[PDB]
């Protein structure tokens, strides 16, 4: 949600930023959870594998937000930053 007063040109720019963005993991988790015994080495392997997808996801998320920040006016950026503190 946004109390930023986005102009229609800005909302268009944003929608375009989002579209430019563009289970196996959970399955492995499931097997760790459902096992008779807890296998720490196997869990560590799954955690490490998960770091790769987290990296990809956090990079897309940050880049997207940065792109949005930089189409805002100075007044809109203040509000964005204030909102960021509140989450």
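By rigid core we mean the largest C-alpha set that fits within 1.5 Å across both forms. Numbering follows the first chain given and starts at 1.
Legend entry - Farther-lying stretch by C-alpha RMS in 4 other deposited structures of this protein (rigid core fit) among 40 to 48, 53 to 61: The more displaced stretch in 4 other deposited structures of this protein turns out to be 53 to 61.
Inset, instruction - Find the stretch among 2 to 10 and 77 to 85 with the larger RMS C-alpha deviation in 4 other deposited structures of this protein, all structures being superposed on the shown form by the rigid core. - result: Between 2 to 10 and 77 to 85, greater C-alpha deviation in 4 other deposited structures of this protein belongs to 2 to 10.
Inset, instruction - Mind giving me a quick count class for deposited residues absent from the model between residue 22 and residue 23? Options are none, 1 to 3, 4 to 9, 10 or more. - result: Gap size class: 4 to 9 residues without coordinates, per the record.
Inset, instruction - Compare the mean C-alpha B-factor of 64 to 72 with that of 11 to 19 as given in the PDB entry, and name the stretch with the higher value. - result: Here the higher of the two C-alpha B-factor means belongs to 11 to 19.
Inset, instruction - Can you let me know which of the two, 48 to 56 or 23 to 31, has the higher average C-alpha B-factor in the entry? - result: That would be 23 to 31.
Inset, instruction - Looking at the entry's B-factor column for C-alpha atoms only, identify whether residue 81 ranks in the lowest, middle or highest third of its chain. - result: For residue 81, whose C-alpha B-factor we compare with every modelled residue in the chain, the answer is the lowest third.
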